[PDB]
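K.L.:
Pasting an experimental structure, sequence included:
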Protein chains: 4
Amino acid sequence: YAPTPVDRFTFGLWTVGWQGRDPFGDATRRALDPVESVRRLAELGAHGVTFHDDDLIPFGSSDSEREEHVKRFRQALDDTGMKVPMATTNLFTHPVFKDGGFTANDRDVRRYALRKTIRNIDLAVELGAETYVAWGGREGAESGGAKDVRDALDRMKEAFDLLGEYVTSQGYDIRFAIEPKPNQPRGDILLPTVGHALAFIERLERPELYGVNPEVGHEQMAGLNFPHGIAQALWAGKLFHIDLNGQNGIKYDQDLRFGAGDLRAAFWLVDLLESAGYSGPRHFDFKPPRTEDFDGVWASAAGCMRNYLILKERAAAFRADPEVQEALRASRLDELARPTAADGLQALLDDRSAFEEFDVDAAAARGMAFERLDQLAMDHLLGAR
Amino acid sequence: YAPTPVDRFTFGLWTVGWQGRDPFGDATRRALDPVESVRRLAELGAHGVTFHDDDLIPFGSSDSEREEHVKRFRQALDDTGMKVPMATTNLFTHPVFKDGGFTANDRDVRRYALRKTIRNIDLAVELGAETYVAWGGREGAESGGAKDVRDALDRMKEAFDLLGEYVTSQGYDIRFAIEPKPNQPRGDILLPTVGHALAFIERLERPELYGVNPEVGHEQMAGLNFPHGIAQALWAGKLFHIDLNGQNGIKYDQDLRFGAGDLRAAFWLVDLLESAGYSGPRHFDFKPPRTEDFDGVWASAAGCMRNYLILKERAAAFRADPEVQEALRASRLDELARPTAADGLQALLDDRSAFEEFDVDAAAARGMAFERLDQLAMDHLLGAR
Amino acid sequence: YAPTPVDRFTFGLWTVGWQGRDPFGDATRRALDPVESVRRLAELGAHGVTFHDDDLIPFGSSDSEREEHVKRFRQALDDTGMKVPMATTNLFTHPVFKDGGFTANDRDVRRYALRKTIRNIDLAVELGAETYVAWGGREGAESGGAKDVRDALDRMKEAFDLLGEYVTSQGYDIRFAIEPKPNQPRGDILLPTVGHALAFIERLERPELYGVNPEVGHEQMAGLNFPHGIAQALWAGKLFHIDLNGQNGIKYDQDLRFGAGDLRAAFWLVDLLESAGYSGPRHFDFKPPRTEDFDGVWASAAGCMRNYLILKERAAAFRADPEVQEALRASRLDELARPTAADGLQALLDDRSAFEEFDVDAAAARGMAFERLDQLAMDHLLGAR
Amino acid sequence: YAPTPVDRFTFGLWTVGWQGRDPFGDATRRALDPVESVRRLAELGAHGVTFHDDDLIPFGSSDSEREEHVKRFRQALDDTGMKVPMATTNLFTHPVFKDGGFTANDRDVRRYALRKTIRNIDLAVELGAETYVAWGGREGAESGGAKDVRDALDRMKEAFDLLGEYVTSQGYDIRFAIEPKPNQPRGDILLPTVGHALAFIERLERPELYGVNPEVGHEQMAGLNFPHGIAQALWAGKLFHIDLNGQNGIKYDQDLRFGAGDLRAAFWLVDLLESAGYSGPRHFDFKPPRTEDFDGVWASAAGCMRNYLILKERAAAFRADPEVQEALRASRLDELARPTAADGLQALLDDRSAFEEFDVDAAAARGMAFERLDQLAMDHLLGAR
Ligand SMILES: OC[C@H]1O[C@H](O)[C@H](O)[C@@H](O)[C@@H]1O
Ligand SMILES: OC[C@H]1O[C@H](O)[C@H](O)[C@@H](O)[C@@H]1O
Ligand SMILES: OC[C@H]1O[C@H](O)[C@H](O)[C@@H](O)[C@@H]1O
Ligand SMILES: OC[C@H]1O[C@H](O)[C@H](O)[C@@H](O)[C@@H]1O
Ligand SMILES: [Mn+2]
Ligand SMILES: [Mn+2]
Ligand SMILES: [Mn+2]
Ligand SMILES: [Mn+2]
Ligand SMILES: [Mn+2]
Ligand SMILES: [Mn+2]
Ligand SMILES: [Mn+2]
Ligand SMILES: [Mn+2]
C-alpha cells in the first residue's frame, strides 16, 4: 500500500514539526527546519505541504529574513517536486490574539489581523496555493457577556467580505475555506460546526468564493457524524478542502493519525470521498504523539497515508461486490435516489394510493434489512468475506 | 412572579400529557384529555397550546371522529381564551415511519408522510397557527450504508419545496420552522444542529418561508452553546419559534423543565431573547418526570414559567446596572459593535497604524476584564449585588 | 467464522425479543415466545440464554401459570442443549419502581424489591445459573434534593448484604455481579461506572460474593476506555460476567451489535479477554434495530458472534507476530512488567543512579515507538500485513 | 460576602500564577514570584497555599538555590499567617515523564519519579502539610498496545505502597490523596474517576493512609454528577481533600473559577460539604483565563471565594426553611434514611405485607413530589422565595 504523489496526500508543516508542547508539558522534540520536512515527506510519497505564515517566517522577521526563508523553501519545493495547495494564517498564537483576530473586541487588533492575513494571501498566491483556509481558533468566549455574538458575526462577515474584495480586485484565483471547531482553545468557538460555517457563507457578499475545510476530529468533538457532515458540504458544493485525522470521542482535540480514532467512521468517510469524486487534496492535520522521537514522527505520517489507501481498497471492494449491490437494493437505497413526487403536487394530492388507500400496516411490516448490509460492510472492512 | 397571557407562554399537549413511558418502563400516569389540559394550563396563566396531529386526533380516526375531536377542542379554546400559535405532525411514532417520513428509503412512505403533513397544515390554519414545525426525528440512520445522505437531502428538500408550493398555492399565512436534533431516536439524525438547518434552508426554492425552531436541550446534546446558536439564528433573521427546556449535558434527551439543567445558559438565553426583542411564543417542550403524579405535572409546568420570569428580571437588572455598563465599556463591547473598516479596503491597506507601526506588545498587554464582568453577571443572577 | 457452543456465546431473552418500542415510537415487531428464541439461537450456535424474571414469567402470573411457563422453557433447554448461566430481576419496568427498587425513598417498595429478587434467585438456582446480575436502572435521581446519596448507599449496601445472607443461609453457589450504567433512564444512576461498583463492593459484609458485569456501551456513555476498565476489574479479580455490544459515543444507550460502534475498542477488548483467559460467558446485551424484521433480528444476532470470532483471530495473529513481539520490546512493555523496586525502599533511597546521577535528558530523548506498534496493530486488525 | 481565614480557602501557586500558555498560544502574563502570590492571596482572605515541588523550586536547582527559595517562601508564610495544608509533585511537565512517572514503561524513569516524590514529601512535612496529593496526569496511553493496564496497576500499587512504607518508617503524619482525571494530557488516564481511585485504594497494603482529592471539572469531563461522587467518597470516609473549580461540560479541562460552569451542581456540592461537616480545606484549582491581566487574576480568585460563600448562605437557607422540611417529608427523604429491614432477613421473608399482600398499584400511584421540592431549591438558589 504505497503512496504516490498522484494520491494527493498533503501535510501541514506544523504537523510533523510539532514539538510536543501540551498544556501540562514542555517540548519533547527539537524544532524541524521546514526544508527538512519537505524533503522527508517527499520521500514518504506525499504530494505537497501547507503552512501558516508563522510556520515558514518567524513572527517578527524583517523583510530580508522573510526573503531568505521563502527562497530556501522555494528551492526545497523545486528540488523535490512538492506542491503547496493550501496556506493559512496564524491568528491564534501571539498574545495579541487572545480575544480573537477578526472578532476581537479591540478594533485595532481586528485591523491588524486583516493586514496580517492579506500579506500571506499574496505569498500563498506566489507559491501556487489554490485554497486559503481560515481557522478562527480564538473567535469565541469563556463567558456570556464578553462577546455579543450578533456583533461578532457582523465583524466576522465584515472581514471575510474584505478578503474577498481584496482577492477579486487583485485578480487572484484563490478560494477561501472556513474551518469549523466547536471549542478549544476558547470555551466555545464561533461557527462551531460544518453547518454553522455553511449557513454563515450564505450571508457573505460573494458566497461563491467561500467553502468549508472540515476536520474529522473537530466535528467529532461535538459528537457528530463526520461523513454525514461531509455529505452535506458536498451536497452544497462547498467541500473545498478537508483535514483528516483521528479522534477518540468528545474530549480535547487529539489530532491522532488518520485511521486512529473511530475507524468505521474513517471507512465511510473514504467511501464517500471516493464515490463522490472529491478531487482535492487529502490533507492530514495530525500531531505525532509527544511520546515519539523523529522516527516515530515519520512512521505516524506514513501511517496516515497507508490507512487511507487500505480503507480506499476496502470501500471500493464493498461497492463492487455484487452481493452488496443486491443488499443495497434489498434495503431500497435505489428508491431513495428516486424523486418522491416527480408527478407534482397536484398529482400527489389526487393519488389515493398515497393516503386514503395506502396500506400502512403492510408498509410498516417490511424490514429494511439494514443489519445484513452493515455486516457486509464490516466483513469488507476487516477483509473477512 | 406570576405569568399572564401577555408573557406568551405556550405548551405542547404532549408535554403535560406525557404518560411517562420510557424505554425501560411503562406509563406512570393516565392519559389526559386535551380539553382538560387546555383548561388547566389556562389557569396557570399560559397563552396557548401546540399539538401534533396525532395528539389531538387519534391515529386511524374516521372523518367524523376527527370532526368531533376538533369541535371539542375548539370549544375549550373558546371557553378559556387560549390560542394555538404552532402545530406540527407526528411522523415518528407509527411503525411505518421507522426509517423516516420525508427521507424514508421506501417512496410510498415518503408520499404518505407528505399527505399526512398537508392534511394537518390545513387544520393548523383553521385553528389560527402561524408557524408549522417540522421535527424529522426518524430522518437518519444507525449504520453507514443504510442512508445515502446526499440522496436523503434531495428528498428532504423535495418535501419542503412541495409544502411550500402547497401553502403558496392555497394563500396561507403560515411559515415553517425546522427543528434540529442531533440524535435519538435514530443513531444520527439529519440536520443535527441549528447551523445544519440554517444552511439547508438556503437551498430551498423559497427560503423566506422557512426558519428554525431550536430546542435548548438538543443543541446541548451536542455540547454546543445554545445562546450562541440562537444569536446566529437571530442574525440570519430565522428564529421563527423556540422550544425551552432543560438538559444536563451530553446524554439522552431529558426535557427537564426550563431553568433546570444549565442555569447560567438559561440566563444568557433569556438576556438575548429579551434584548433582541424576540416576539414569538415562549414554548416549553418539557416532560414532567415519571416520578410525578398530576399535581407534580402542574407544579413542573408552573416552574417553567416562574423560572423564565425570575431570569427575565435578573437579566434586565444586569443590563440596567450602571456598573455593568461601565464594565461592558471596560471590556470593549462597545468597540466590538463598531465596524472594523468602514474606511474601506484601500484605506486599511494604506494605514500604517494597522500594521507597520502597530504596537502588538502593548495591545497584547491589555486585559480584557472579562472575569469582573462575569462576576457581576453571577452576582445579578443570584441576587447578591 | 462459525460459532459453536464451546465459544460460550449467550444472549438475553430481551435482546432478540425486543419489540422496538422506543420513547418516540411503538413496537415494530411482534412478541417472541421465549421457547422460539431458545430454538433459534441454538441453531445459530449460541451456548445459552439469560433472563429477567419478567421476561420468562409475565408480571402478575399465578403460581400455576408460573409453573407452566417454567416447564415449557425447561423443555426447550432440554431439547436444544442450551444453558442458562445468568439471570437477573426486572426492578425497572413496573411503575412501582419509578424511584428505584433497592434505593426507593418509600420503604415498602424497597421491601417488595427484595422479595421479588429473592423469588428469582431461587428460580435461577433451579435452572443452573452461576451468576445473578443486578442492574439498578431506576436507582438515581433527576434532581439534587430528591436522593440523599449517602442514605441511598446505605440502603443499597443493606439490600446486597441481605441477598448475600440469603444465598449463604440457603447454601447456594451463585455469585452476584453489579452492572454499572451512568445514566438513562434516570438523570444520573448510582454506581455509574465500573470503578464506582468496584469501590462499593469493598464495603459489603461479604465482598467475595460480588463482582461487576460491565457493558461496553455503558462505560462508553461516560467517554471512558472500556478495555482499561475491564483490565481494572480483572486486576481486582472481579470480572464475573460481561455484556458485549456496540455504542457510538456519548449519547443514549444504543445497544448496537458487538463490533458495531468503536471497532478498535472491540479489538483491544477481545485481545484482553483472550490473553487474560476470561472463561465466563460472552454475553450479548444488544437490541436489533427497530428498522429490522425477524430475519434482520437473526442476522444481527449472528453478527455479534461473527465479529467476536473475527476479532479473536486478528488479536491472536497480532500477539503471535514476531515483528510485534520485537516492537513490544522496543516499546519497553517488558520493562513495565518488571517491579520498579524489588530491591526495596532502602536500596532505592541509596541508589544514586535513581536520582543524583540519573541522566534525565538522555531518558527524555528516548522515543517510545508507540506509533509503529499501533500501526502494526491496525494492519493486523484490517488483515493488511 | 467577605472571606476570612476561618473559611479555609486555599489556592495552588500554579493557579493565580498560570501564565496563560495553552496548546495554541504563548504566555499572556509574566511569571509571578510565589512570595508575591502569598501576599496577594492573604490580602484577599485566603487561609493558605499549595504547591508542586517545581512551582517553588525550579527544576534543576542546586541544594543551595533550593535552600534560598524555601527560606524566602517561609518568610512570606510567617509575615502573612498563611498555611500550606497540601503539597504535590510535578511528574507531568518534564519530557522525561512523557509516558508517565509511576507507570512509565522504562523502569529507570519509575525509580526517578519515586525519588523526586520522596524528596518533596520531606519538604511538605517541614512546611506543615497534612495531605500529599498525587495526580498521575501522564499515567495512561493514546493507543491500545502501549500500556498493559494490569501491569500498570501493579506498578501503580508498587509506588504507592512504597510511599506509604516511607512515611510510616519516618513517623510522618501526612496522608495521601489520589486525584482522578479521565483524560488530558494522555488519551485516557489510569484511574479516571473517583470510583476507580476508591476501588484501587482498597488494594494497597495500608489503605487507611490514602483517600481521593476529586476535582469538580474532572468528573464532569466524563459527564458524571460531582456531588454524587463526593457523597460516595464521604460515605467511604475517603474525602481527604477537594479541588473546586468550574467546567462547562464534556470538553478539555477548562478550570474556570468556582461557581462558573454548572452552577446548580456547585450549589448541591456546597449543600453536601456543609451538611456533612467536611472540615478540610476548600481548595481552588482554577486558571484565570488568558484574556485577563493581573487585576483580572485577583478578581477571578476573589470570585472563587465569593461564590462559595453566596452558595453556602443559600443552601443553609434551603435546609432551614420549614416549607422545605415539609417537602422533604412529602418526598419521603425521611423514609430513605430508615433501614429497609432492621427486622432481619427471616422477618422480611415471613412478612406478607412485603409481597403476597403488597398493593403494587397503590404504591405505584403515589407521586414523589420531587418537582415541587426542586423548585423550592431553585427559588432558594436565586433568592426568589
Ligand atoms: O486551519 C489552520 C490550522 O491551524 C491550527 O494548527 C489548527 O489547530 C488546525 O486545526 C487548523 O487546521
Ligand atoms: O417538534 C415537534 C415535537 O415533536 C416531538 O414531541 C419531539 O420529541 C419534540 O422535541 C418536538 O419539539
Ligand atoms: O442487567 C440486566 C439487564 O437489564 C436491562 O435490560 C438493562 O437495560 C440491561 O443493560 C441489563 O444488562
Ligand atoms: O493535583 C496536582 C495538580 O497538578 C496539576 O496542576 C493538575 O492539572 C491539577 O489538576 C492537580 O490538581
Ligand atoms: Mn484538530
Ligand atoms: Mn485542522
Ligand atoms: Mn427534547
Ligand atoms: Mn422540541
Ligand atoms: Mn446498554
Ligand atoms: Mn447490559
Ligand atoms: Mn482541572
Ligand atoms: Mn486539580
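P.N.:
Everything's here; your move. Numbers count the residues shown, from 1 in each chain, chains lettered A, B, ... in the order given. Ligands and ions are numbered 1, 2, ... in the order given.
K.L.:
Which residue, other than its chain neighbours, is closest to the closest residue to ligand 4 within the stretch 151-300 of chain A?
P.N.:
For the stretch 151-300 of chain A, the residue closest to ligand 4 is residue A:252, as judged by C-beta to the nearest ligand atom, at 12.6 Å. C-beta here means a position set from N, CA and C on the backbone, and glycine is covered the same way. Sequence neighbours aside, residue D:252 is the residue nearest to residue A:252 in space, at 3.9 Å (criterion: C-beta to C-beta, 6 or more residues apart in numbering or on different chains).
K.L.:
ok but the one you found is inside a strand, no?
P.N.:
No. Checked against DSSP: H, G, I helix; E, B strand; the rest coil, residue D:252 lies outside a strand; its state is coil.
K.L.:
which ones are touching the one residue in the stretch 51-200 of chain A that gets nearest to ligand 10?
P.N.:
Among the residues of the stretch 51-200 of chain A, residue A:182 lies nearest to ligand 10; the distance is 30.9 Å by C-beta to the ion. Residue A:182 makes contact with A:188, A:189, A:192, A:193, A:218, A:221, A:222, B:222, B:223, B:224, D:251, according to C-beta atoms under 8 Å, 6 or more residues apart in numbering or on different chains.
K.L.:
and the closest residue in space to the third one that isn't next to it in sequence, what helix or strand is that in?
P.N.:
Spatial nearest neighbour of residue A:192, excluding adjacent residues (C-beta to C-beta, 6+ apart): residue A:182 at 3.9 Å. When elements are assigned from DSSP states H and E, residue A:182 belongs to no helix and no strand.
K.L.:
Determine the number of other residues adjacent to residue A:6.
P.N.:
8 (other C-beta atoms under 10 Å in any protein chain shown).
K.L.:
From the contact counts, what lies against the helix or strand where residue A:50 lies?
P.N.:
Element membership for residue A:50, per DSSP H and E: strand A:48-52. With contacts taken as 3 or more C-beta pairs under 8 Å, 6 or more residues apart in numbering or on different chains; DSSP states H and E, strand A:48-52 sits against strand A:9-12, helix A:13-16, helix A:34-44, strand A:86-88.
K.L.:
Tell me which of those sits nearest to ligand 10.
P.N.:
helix A:13-16 (40.7 Å).
K.L.:
Contacts (any at all) between ligand 5 and the closest one?
P.N.:
No. Counting by C-beta under 5 Å from the ion, ligand 5 has no neighbours in helix A:13-16; the shortest distance is 10.3 Å.
K.L.:
And the contacts of that helix?
P.N.:
In this structure, residues lying in contact with helix A:13-16 by C-beta under 8 Å, 6+ apart are A:32, A:34, A:37, A:40-41, A:49-52, A:55-56, A:284-288, A:297-298, A:300-301.
K.L.:
ok, the residue of chain A found nearest ligand 1 - contacts?
P.N.:
Nearest to ligand 1 in chain A, going by C-beta to the nearest ligand atom, is residue A:135, at a distance of 3.2 Å. Shown in contact with residue A:135 (C-beta under 8 Å, 6+ apart): A:88, A:92, A:179, A:181, A:213.
K.L.:
rewinding a little: so what's the residue of the stretch 151-300 of chain A closest to ligand 4 up against?
P.N.:
Taking C-beta under 8 Å, 6+ apart as the definition, contacts of residue A:252 comprise A:184, D:183, D:184, D:251, D:252, D:253.
K.L.:
Which residue, other than its chain neighbours, is closest to residue A:221?
P.N.:
Nearest non-adjacent residue to residue A:221, counting by C-beta to C-beta, 6+ apart: residue A:182, 5.2 Å away.
K.L.:
residue ranges for the strands of chain A, please.
P.N.:
A:9-12, A:48-52, A:86-88, A:131-134, A:140-141, A:175-178, A:188-189, A:210-212, A:243-244, A:282-284 (DSSP state E).
K.L.:
doesn't residue A:286 make contact with residue A:300?
P.N.:
Yes. The pair residue A:300 / residue A:286 is scored as a contact, 7.0 Å apart, by C-beta atoms under 8 Å.
K.L.:
Find the residues that touch each one of these two.
P.N.:
With C-beta under 8 Å, 6+ apart, residue A:300 and residue A:286 have common neighbours residue A:257.
K.L.:
before we move on, the earlier item: for the residue nearest to residue A:252, phi and psi?
P.N.:
With angles defined as degrees, to the nearest 10, residue D:252 sits at phi -60, psi 160.
K.L.:
give me the residue from chain A nearest ligand 8.
P.N.:
residue A:195 (18.0 Å).
K.L.:
is it true that that residue touches residue B:193?
P.N.:
Yes. If you go by C-beta under 8 Å, residue A:195 and residue B:193 touch, sitting 5.4 Å apart.
K.L.:
okay, these two: which has more neighbours?
P.N.:
In this view residue A:195 and residue B:193 are compared by other C-beta under 10 Å, and residue B:193 has more residues nearby, 30 against 27.
K.L.:
hmm, back to that, any idea how far the residue of chain A closest to ligand 8 lies from residue B:200?
P.N.:
Here residue A:195 is placed at a distance of 8 Å from residue B:200 (C-beta to C-beta, to the nearest Å).
K.L.:
Now do the shared contacts for those two.
P.N.:
Joint contacts of residue A:195 and residue B:200 (C-beta under 8 Å, 6+ apart) are A:232, B:191.
K.L.:
Buried residues of the helix ranked longest in chain A, list them for me.
P.N.:
In chain A, assigned by DSSP state H, the helix with the most residues is helix A:294-320. Residues A:296-315, A:318-319 are the ones in helix A:294-320 that count as buried (16 or more other C-beta atoms under 10 Å in any protein chain shown).
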